[PDB]
Amino acid sequence: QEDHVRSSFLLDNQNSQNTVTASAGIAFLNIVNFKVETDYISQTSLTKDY
Amino acid sequence: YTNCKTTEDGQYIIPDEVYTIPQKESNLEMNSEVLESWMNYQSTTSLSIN
């Protein structure tokens, strides 16, 4: 009796996260008030199995 | 829907005559414009005749 068992498993995971926050606030002596905010969040996930 | 084709993420059951590509795009646009105008004026006139 001859038995040959070969098992190969492969897994790859790549995750990229990017967060950009830009805030600008200009406040004079109770006359001019301008506040602006910009938030950008990106998340990319890639999974490969074999 | 004989074979019940499923996407890579396993979230929807697509038919066998279509193909899906993971094209993920994010677009976040916040525009906050604050225009403030203020004025105050005070006048006082006093006249005295003796």
# chains A, B, ... in the order shown; residues from 1 in each chain; ligands from 1
call {"tool": "closest_atom_pairs", "arguments": {"of": "stretch 9-41 of chain A", "to": "stretch 25-44 of chain B", "cutoff": "8 Å", "atoms": "only C-alpha atoms", "output": "tab-separated table"}}
result
residue	atom	partner	partner_atom	distance
A:31	CA	B:38	CA	6.5
A:32	CA	B:36	CA	5.9
A:33	CA	B:34	CA	7.1
A:34	CA	B:34	CA	5.7
A:35	CA	B:32	CA	7.5
A:36	CA	B:32	CA	6.1
A:37	CA	B:30	CA	7.4
A:38	CA	B:30	CA	6.4
A:39	CA	B:28	CA	7.6
A:40	CA	B:28	CA	6.6
call {"tool": "residues_around", "arguments": {"residues": "stretch 10-22 of chain B", "least_positions_apart": "3", "cutoff": "12 Å", "atoms": "only C-alpha atoms", "output": "number ranges by chain"}}
result
A: 44-46; B: 1-7, 25
call {"tool": "write_last_selection", "arguments": {"atoms": "C-alpha atoms", "output": "PDB file, in the first residue's frame"}}
result
ATOM      1  CA  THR A  44      -9.278  49.085   0.706  1.00  0.00           C
ATOM      2  CA  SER A  45      -9.092  45.372   1.536  1.00  0.00           C
ATOM      3  CA  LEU A  46      -7.929  42.593  -0.797  1.00  0.00           C
TER       4      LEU A  46
ATOM      5  CA  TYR B   1     -30.508  31.752 -11.357  1.00  0.00           C
ATOM      6  CA  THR B   2     -29.859  28.038 -11.827  1.00  0.00           C
ATOM      7  CA  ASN B   3     -26.326  28.128 -10.397  1.00  0.00           C
ATOM      8  CA  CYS B   4     -27.063  31.010  -7.971  1.00  0.00           C
ATOM      9  CA  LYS B   5     -23.894  32.950  -8.743  1.00  0.00           C
ATOM     10  CA  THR B   6     -22.501  34.848  -5.755  1.00  0.00           C
ATOM     11  CA  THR B   7     -20.118  37.799  -5.684  1.00  0.00           C
ATOM     12  CA  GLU B  25     -14.819  54.889  -4.951  1.00  0.00           C
TER      13      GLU B  25
END
call {"tool": "closest_residue", "arguments": {"among": "A:26, A:48, A:8, A:42", "to": "chain B", "atoms": "only C-alpha atoms"}}
result
A:42
call {"tool": "select_by_dssp", "arguments": {"residues": "chain A", "states": "strand (DSSP E or B)", "output": "VMD selection string"}}
result
chain A and resid 11 to 27 33 to 49
call {"tool": "write_last_selection", "arguments": {"atoms": "C-alpha atoms", "output": "compact mmCIF listing (two decimals), in the first residue's frame"}}
result
# COMPACT_ATOMS: atom_id res chain seq x y z
CA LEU A 11 -3.55 33.21 1.90
CA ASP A 12 -2.69 36.86 1.27
CA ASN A 13 -4.36 39.91 2.81
CA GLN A 14 -3.58 43.54 1.96
CA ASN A 15 -5.30 46.44 3.73
CA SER A 16 -4.71 50.14 3.04
CA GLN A 17 -6.27 52.88 5.17
CA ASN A 18 -5.94 56.59 4.38
CA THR A 19 -7.34 59.36 6.58
CA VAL A 20 -6.98 63.05 5.67
CA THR A 21 -8.41 65.74 7.95
CA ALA A 22 -8.08 69.44 7.05
CA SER A 23 -9.66 72.07 9.30
CA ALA A 24 -9.40 75.85 8.97
CA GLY A 25 -10.93 78.38 11.36
CA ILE A 26 -10.68 82.16 11.06
CA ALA A 27 -12.35 84.11 13.88
CA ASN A 33 -16.24 83.74 11.76
CA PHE A 34 -15.48 81.11 9.10
CA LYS A 35 -14.91 77.46 10.02
CA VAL A 36 -14.38 74.76 7.38
CA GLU A 37 -13.58 71.07 7.76
CA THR A 38 -12.86 68.29 5.26
CA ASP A 39 -12.52 64.62 6.23
CA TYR A 40 -11.64 61.88 3.74
CA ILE A 41 -11.45 58.26 4.91
CA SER A 42 -10.64 55.42 2.51
CA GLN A 43 -10.20 51.72 3.29
CA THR A 44 -9.28 49.09 0.71
CA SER A 45 -9.09 45.37 1.54
CA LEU A 46 -7.93 42.59 -0.80
CA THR A 47 -7.92 38.89 0.10
CA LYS A 48 -6.56 36.05 -2.04
CA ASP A 49 -6.87 32.35 -1.21
call {"tool": "atom_distance", "arguments": {"atom1": "atom CA of residue A:50", "atom2": "atom CA of residue A:4"}}
result
20.2 Å
